[PDB]
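Visitor: So that we are looking at the same thing, I have put the structure below in structure tokens.
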2 protein chains.
Amino acid sequence: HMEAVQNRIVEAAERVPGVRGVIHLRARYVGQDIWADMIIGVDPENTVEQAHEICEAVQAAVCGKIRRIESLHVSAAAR
Amino acid sequence: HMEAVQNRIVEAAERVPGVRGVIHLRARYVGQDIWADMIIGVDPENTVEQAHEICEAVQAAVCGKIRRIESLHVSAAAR
């Protein structure tokens, strides 16, 4: 059930230090696996490097909590 | 002729303060118009806000120089 999984993805991403909401999430099933692409909000005053670190942290947190995800790309934008 | 136009796009983007190369460019014709998506390199120590400013500057510079472009999305990544 896809919406239960999308809710978990958003919730997991929001628990990571430096996340200021989920701006966009597209998730699809490839068989029983999820492939997802996400855009997180960050403080516009973070550096590009810090934003990259937050994205990597989100990728790790979300993939760790949701075992069916087999591909997750995380980008950032000011909010 | 597409490659002449791609070269112009890259050259125009590289002339904008804060651009550290063109990491990716995908350009396609929709009729006689170009639709393009680009990723520029930036200083990892720029803020997210500064990176956004550079992207907007690139969009303005490239669209101003290359009149056939009707859609241009510019994102940034550390280099």
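Identifiers for the structure tokens are assigned positionally: chains receive A, B, ... in sequence, residues are indexed from 1 per chain, and ligands are indexed from 1 in the order shown.
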Each residue of chain A with at least one atom at most 6 Å from chain B should appear once, together with its nearest atom pair and the corresponding distance in Å (one decimal); atoms considered: only C-alpha atoms; ordering: chain, then increasing residue number; output as JSON lines.

Guide:
{"residue": "A:44", "atom": "CA", "partner": "B:49", "partner_atom": "CA", "distance": 4.9}
{"residue": "A:45", "atom": "CA", "partner": "B:47", "partner_atom": "CA", "distance": 5.3}
{"residue": "A:46", "atom": "CA", "partner": "B:47", "partner_atom": "CA", "distance": 5.4}
{"residue": "A:47", "atom": "CA", "partner": "B:47", "partner_atom": "CA", "distance": 4.0}
{"residue": "A:48", "atom": "CA", "partner": "B:44", "partner_atom": "CA", "distance": 4.9}
{"residue": "A:49", "atom": "CA", "partner": "B:44", "partner_atom": "CA", "distance": 4.9}

Visitor: Determine, counting only C-alpha atoms, which protein, DNA and RNA residues have an atom within 7 Å of an atom of residue 36 of chain B; residues of the same chain fewer than 4 positions away are not included. Present the result as a PyMOL selection string.

Guide: chain B and resi 26-28+71-73

Visitor: Chain B: which residues are alpha helix (DSSP H) by DSSP, as a VMD selection string?

Guide: chain B and resid 2 to 14 48 to 65

Visitor: Take the selection from the previous step and output its residues with N, CA and C atoms, as an mmCIF file, in the first residue's frame.

Guide:
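Contents of selection.cif, freshly written:
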data_model
loop_
_atom_site.group_PDB
_atom_site.id
_atom_site.type_symbol
_atom_site.label_atom_id
_atom_site.label_comp_id
_atom_site.auth_asym_id
_atom_site.auth_seq_id
_atom_site.Cartn_x
_atom_site.Cartn_y
_atom_site.Cartn_z
ATOM 1 N N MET B 2 22.298 21.249 -33.346
ATOM 2 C CA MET B 2 22.219 21.124 -31.900
ATOM 3 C C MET B 2 23.567 21.322 -31.178
ATOM 4 N N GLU B 3 24.651 20.733 -31.677
ATOM 5 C CA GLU B 3 25.899 20.836 -30.918
ATOM 6 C C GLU B 3 26.466 22.267 -30.823
ATOM 7 N N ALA B 4 26.302 23.037 -31.898
ATOM 8 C CA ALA B 4 26.650 24.463 -31.870
ATOM 9 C C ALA B 4 25.863 25.177 -30.776
ATOM 10 N N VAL B 5 24.570 24.846 -30.615
ATOM 11 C CA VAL B 5 23.746 25.439 -29.570
ATOM 12 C C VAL B 5 24.186 24.952 -28.168
ATOM 13 N N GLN B 6 24.500 23.665 -28.008
ATOM 14 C CA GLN B 6 24.999 23.215 -26.708
ATOM 15 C C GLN B 6 26.289 23.892 -26.291
ATOM 16 N N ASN B 7 27.185 24.078 -27.250
ATOM 17 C CA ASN B 7 28.415 24.809 -26.967
ATOM 18 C C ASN B 7 28.161 26.225 -26.537
ATOM 19 N N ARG B 8 27.232 26.900 -27.209
ATOM 20 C CA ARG B 8 26.895 28.238 -26.758
ATOM 21 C C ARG B 8 26.320 28.285 -25.344
ATOM 22 N N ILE B 9 25.474 27.293 -25.018
ATOM 23 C CA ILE B 9 24.855 27.237 -23.686
ATOM 24 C C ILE B 9 25.945 27.122 -22.628
ATOM 25 N N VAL B 10 26.875 26.189 -22.848
ATOM 26 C CA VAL B 10 27.955 25.981 -21.860
ATOM 27 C C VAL B 10 28.837 27.202 -21.712
ATOM 28 N N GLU B 11 29.289 27.746 -22.836
ATOM 29 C CA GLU B 11 30.046 28.943 -22.815
ATOM 30 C C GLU B 11 29.359 30.100 -22.099
ATOM 31 N N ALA B 12 28.072 30.314 -22.329
ATOM 32 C CA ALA B 12 27.360 31.401 -21.719
ATOM 33 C C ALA B 12 27.258 31.182 -20.178
ATOM 34 N N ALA B 13 26.923 29.963 -19.774
ATOM 35 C CA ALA B 13 26.851 29.645 -18.347
ATOM 36 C C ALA B 13 28.189 29.856 -17.625
ATOM 37 N N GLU B 14 29.282 29.459 -18.274
ATOM 38 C CA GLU B 14 30.652 29.584 -17.679
ATOM 39 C C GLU B 14 31.113 31.024 -17.487
ATOM 40 N N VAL B 48 23.181 28.050 0.210
ATOM 41 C CA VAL B 48 22.069 27.635 -0.654
ATOM 42 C C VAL B 48 21.433 28.833 -1.337
ATOM 43 N N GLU B 49 21.284 29.941 -0.587
ATOM 44 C CA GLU B 49 20.771 31.135 -1.207
ATOM 45 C C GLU B 49 21.682 31.669 -2.331
ATOM 46 N N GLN B 50 22.976 31.733 -2.087
ATOM 47 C CA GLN B 50 23.907 32.176 -3.114
ATOM 48 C C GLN B 50 23.827 31.272 -4.334
ATOM 49 N N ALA B 51 23.740 29.952 -4.120
ATOM 50 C CA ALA B 51 23.654 29.009 -5.244
ATOM 51 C C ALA B 51 22.400 29.248 -6.068
ATOM 52 N N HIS B 52 21.295 29.576 -5.399
ATOM 53 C CA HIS B 52 20.075 29.891 -6.085
ATOM 54 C C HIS B 52 20.224 31.182 -6.996
ATOM 55 N N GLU B 53 20.845 32.202 -6.419
ATOM 56 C CA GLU B 53 21.182 33.411 -7.123
ATOM 57 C C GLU B 53 22.033 33.153 -8.361
ATOM 58 N N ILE B 54 23.038 32.278 -8.241
ATOM 59 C CA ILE B 54 23.884 31.968 -9.384
ATOM 60 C C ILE B 54 23.055 31.272 -10.459
ATOM 61 N N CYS B 55 22.246 30.320 -10.049
ATOM 62 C CA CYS B 55 21.384 29.627 -11.012
ATOM 63 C C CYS B 55 20.486 30.606 -11.748
ATOM 64 N N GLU B 56 19.887 31.553 -11.055
ATOM 65 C CA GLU B 56 19.008 32.508 -11.685
ATOM 66 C C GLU B 56 19.753 33.399 -12.670
ATOM 67 N N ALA B 57 21.013 33.736 -12.320
ATOM 68 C CA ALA B 57 21.863 34.501 -13.153
ATOM 69 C C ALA B 57 22.227 33.732 -14.402
ATOM 70 N N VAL B 58 22.537 32.469 -14.262
ATOM 71 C CA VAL B 58 22.797 31.628 -15.423
ATOM 72 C C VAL B 58 21.547 31.576 -16.360
ATOM 73 N N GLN B 59 20.380 31.320 -15.786
ATOM 74 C CA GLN B 59 19.123 31.274 -16.563
ATOM 75 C C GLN B 59 18.950 32.555 -17.374
ATOM 76 N N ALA B 60 19.068 33.715 -16.722
ATOM 77 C CA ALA B 60 18.989 35.005 -17.393
ATOM 78 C C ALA B 60 20.062 35.185 -18.517
ATOM 79 N N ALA B 61 21.312 34.853 -18.224
ATOM 80 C CA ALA B 61 22.416 35.011 -19.192
ATOM 81 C C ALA B 61 22.257 34.131 -20.423
ATOM 82 N N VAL B 62 21.983 32.860 -20.184
ATOM 83 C CA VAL B 62 21.823 31.901 -21.248
ATOM 84 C C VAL B 62 20.577 32.208 -22.103
ATOM 85 N N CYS B 63 19.424 32.463 -21.487
ATOM 86 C CA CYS B 63 18.187 32.811 -22.230
ATOM 87 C C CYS B 63 18.355 34.105 -22.992
ATOM 88 N N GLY B 64 19.121 35.026 -22.457
ATOM 89 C CA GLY B 64 19.392 36.310 -23.161
ATOM 90 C C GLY B 64 20.289 36.175 -24.399
ATOM 91 N N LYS B 65 21.230 35.256 -24.342
ATOM 92 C CA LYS B 65 22.173 35.042 -25.439
ATOM 93 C C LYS B 65 21.645 34.117 -26.500
#

Visitor: From a DSSP calculation on the backbone, collect every residue of chain A in strand (DSSP E) and output the set as a list in words.

Guide: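 The strand (DSSP E) residues within chain A come out as residues 22, 23, 24, 25, 26, 27, 28, 29, 30, 33, 34, 35, 36, 37, 38, 39, 40, 41, 42, 69, 70, 71, 72, 73, 74, 75, 76, 77 and 78 of chain A.
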
Visitor: Output the coordinates of chain B after least-squares fitting to chain A on all in-order C-alpha pairs, as a short mmCIF file (atom, residue, chain, number, x, y, z; two decimals) with C-alpha atoms, in the first residue's frame.

Guide:
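Contents of the output file out06.cif:
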data_model
loop_
_atom_site.label_atom_id
_atom_site.label_comp_id
_atom_site.auth_asym_id
_atom_site.auth_seq_id
_atom_site.Cartn_x
_atom_site.Cartn_y
_atom_site.Cartn_z
CA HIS B 1 0.00 0.00 0.00
CA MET B 2 1.69 3.05 -1.44
CA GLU B 3 0.30 5.93 0.65
CA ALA B 4 1.30 4.28 3.95
CA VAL B 5 4.83 4.02 2.50
CA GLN B 6 4.85 7.67 1.35
CA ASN B 7 3.81 8.77 4.81
CA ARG B 8 6.62 6.80 6.34
CA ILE B 9 9.13 8.33 3.90
CA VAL B 10 8.06 11.88 4.79
CA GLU B 11 8.00 11.22 8.48
CA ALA B 12 11.45 9.62 8.42
CA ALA B 13 12.96 12.51 6.39
CA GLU B 14 11.42 15.13 8.77
CA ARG B 15 13.17 13.56 11.76
CA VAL B 16 16.65 14.34 10.31
CA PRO B 17 18.46 17.38 11.65
CA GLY B 18 18.36 20.24 9.11
CA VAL B 19 15.23 19.11 7.22
CA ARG B 20 12.67 21.89 6.81
CA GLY B 21 9.87 19.92 5.28
CA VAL B 22 9.54 17.67 2.28
CA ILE B 23 8.97 19.82 -0.82
CA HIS B 24 8.43 16.95 -3.27
CA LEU B 25 8.32 13.15 -3.22
CA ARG B 26 7.75 10.86 -6.17
CA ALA B 27 7.67 7.12 -5.31
CA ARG B 28 6.95 4.22 -7.59
CA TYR B 29 6.98 0.47 -7.37
CA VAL B 30 9.35 -1.59 -9.54
CA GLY B 31 8.00 -4.94 -8.60
CA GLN B 32 7.89 -5.13 -4.83
CA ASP B 33 10.65 -2.44 -4.51
CA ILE B 34 10.26 1.32 -4.18
CA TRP B 35 12.27 3.72 -6.31
CA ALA B 36 11.87 7.37 -5.04
CA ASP B 37 13.06 10.86 -5.75
CA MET B 38 12.72 13.56 -3.00
CA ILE B 39 13.40 17.30 -2.52
CA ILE B 40 13.88 18.49 1.08
CA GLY B 41 13.70 22.07 2.35
CA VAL B 42 16.83 23.48 4.09
CA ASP B 43 17.88 26.79 5.76
CA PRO B 44 18.95 29.08 2.83
CA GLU B 45 21.90 30.08 5.00
CA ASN B 46 23.31 26.54 5.14
CA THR B 47 26.26 26.02 2.83
CA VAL B 48 25.93 23.78 -0.29
CA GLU B 49 28.17 21.34 1.53
CA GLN B 50 25.89 21.27 4.58
CA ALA B 51 22.86 20.73 2.30
CA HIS B 52 24.63 17.79 0.70
CA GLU B 53 25.32 16.32 4.17
CA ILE B 54 21.66 16.67 5.13
CA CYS B 55 20.57 14.95 1.93
CA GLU B 56 22.93 12.06 2.59
CA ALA B 57 21.61 11.80 6.12
CA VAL B 58 18.05 11.70 4.86
CA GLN B 59 18.98 8.95 2.31
CA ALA B 60 20.57 6.86 5.09
CA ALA B 61 17.64 7.42 7.56
CA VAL B 62 14.87 6.72 5.09
CA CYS B 63 16.58 3.64 3.49
CA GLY B 64 17.29 2.30 6.99
CA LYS B 65 13.67 2.62 8.14
CA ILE B 66 11.94 1.52 4.97
CA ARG B 67 13.45 -1.71 3.80
CA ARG B 68 11.56 -1.95 0.49
CA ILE B 69 13.26 1.17 -0.91
CA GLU B 70 15.94 0.21 -3.40
CA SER B 71 16.65 3.56 -4.94
CA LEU B 72 16.38 6.98 -3.26
CA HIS B 73 17.68 10.27 -4.63
CA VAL B 74 17.53 13.28 -2.27
CA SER B 75 18.06 16.93 -3.35
CA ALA B 76 17.63 20.18 -1.38
CA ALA B 77 16.08 23.63 -1.94
CA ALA B 78 15.77 26.75 0.23
CA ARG B 79 12.75 27.06 2.50
#
